[PDB]
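Numbering (PDB author numbering), first residue to last: 34 to 269. Just so it is clear, CB atoms sit at the ideal spot from N, CA and C, and this is done for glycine as well.
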Ligand SMILES: N[C@@H](Cc1c[nH]c[nH+]1)C(=O)O
Ligand SMILES: [Cl-]
Ligand code: NA
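In structure tokens:
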């Protein structure tokens with residue numbers, strides 16, 4: 034039996050987070066556990082870290098796989114292996130306070146400040162748009178607590194962020210700060226596991242397991258539980 038170390042986070046509610054009993058859980062975590070169950074030649078264990086360190090760790094060989102709703106991009110494919118079978122969609126839109134109707138196009142960001150998560154695909158998508166627009170807006174990276182994305186939108190310190198409907202909808206359920214998506218879909222990447230380029234055997238095994246999880250209806254059930262019925266599909 035080969036031990037596989039999976040890098041993930043703890044700061045994505047319903048995706049990778051610690052519950053009331055200090056147990057790591059959420060969609061990505063539970064999917065990996067389901068995959069492990071179906072691969073008797075492997076044992077999967079987790080290594081939790083800041084999201085921003087996950088691909089630094091993967092690149093240094095300190096984890097074998099990353100599971101954190103990772104969007105496929107050509108930049109990431111130049112460095113890492115993606116498995117073939119997707120396990121979510123992560124369509125990105127500008128996201129604003131529910132009261133704010135001043136922004137639809139990215140052109141409406143001129144002179145404004147956008148807050149995002151360092152190292153995320155959405156940050157890259159925004160960077161490229163900024164450059165296309167002649168550097169006409171500011172991109173900043175969230176911090177913790179009162180400096181997180183939601184709080185900087187609440188106070189007006191940030192005018193917008195970039196996010197996906199399933200995530201926005203879940204956050205809104207319990208928050209005083211209501212966010213909404215606006216405008217066009219800026220990126221429509223699917224979500225996969227990320228591995229080292231040498232890890233072709235493991236990637237194939239993961240795809241076999243994930244396909245069986247799709248085929249028996251388990252992914253439908255897992256996605257309904259964690260993502261909500263509106264975001265739950267038989268396959269992605
Ligand atoms: N989907 C993001 C990961 C993420 C961070 N926070 C929420 N999602 C990416 O591919 O970079
Ligand atoms: Cl196996
Ligand atoms: Na296993």
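Close Cβ partners of residue i (< 7 Å) along its chain, the five nearest in sequence each way excluded
{"i": "residue 265", "result": "253, 256, 257"}
{"i": "residue 159", "result": "147, 149, 172, 195"}
{"i": "residue 36", "result": "76, 78"}
For residue i, the three-state DSSP class (helix, strand or coil)
{"i": "residue 269", "result": "coil"}
{"i": "residue 129", "result": "strand"}
{"i": "residue 109", "result": "helix"}
{"i": "residue 203", "result": "helix"}
{"i": "residue 151", "result": "coil"}
{"i": "residue 180", "result": "helix"}
{"i": "residue 165", "result": "helix"}
{"i": "residue 115", "result": "strand"}
{"i": "residue 60", "result": "helix"}
{"i": "residue 43", "result": "coil"}
{"i": "residue 210", "result": "coil"}
{"i": "residue 196", "result": "strand"}
{"i": "residue 136", "result": "coil"}
{"i": "residue 262", "result": "helix"}
{"i": "residue 72", "result": "coil"}
{"i": "residue 216", "result": "strand"}
Check: residue i C-beta below 6 Å from any heavy atom of ligand 1
{"i": "residue 104", "result": "yes"}
{"i": "residue 154", "result": "yes"}
{"i": "residue 85", "result": "no"}
{"i": "residue 199", "result": "no"}
{"i": "residue 90", "result": "no"}
Nearest-angstrom Cβ-Cβ length linking residue i and residue j, presumed shorter than 8 Å
{"i": "residue 261", "j": "residue 199", "result": "7 Å"}
{"i": "residue 196", "j": "residue 126", "result": "7 Å"}
{"i": "residue 238", "j": "residue 72", "result": "6 Å"}
{"i": "residue 157", "j": "residue 108", "result": "7 Å"}
Spatial neighbours of residue i in its chain, beta-carbon cut-off 6 Å, leaving aside the 5 residues before and after
{"i": "residue 85", "result": "151, 152"}
{"i": "residue 268", "result": "247"}
{"i": "residue 191", "result": "146, 148, 185"}
Close beta carbons around residue i, own chain, < 8 Å, minus the five adjacent residues each side
{"i": "residue 67", "result": "242, 246, 251, 255"}
{"i": "residue 59", "result": "45, 46, 47, 48, 49, 50, 259"}
Heavy atom of ligand 3 within 6 Å of residue i beta-carbon
{"i": "residue 240", "result": "no"}
{"i": "residue 69", "result": "yes"}
Who sits around ligand 2, taking every residue whose Cβ is closer than 7 Å to one of its heavy atoms? Counting every residue whose Cβ lies closer than 7 Å to a heavy atom of ligand 2, we get 72, 73, 74, 75, 238.
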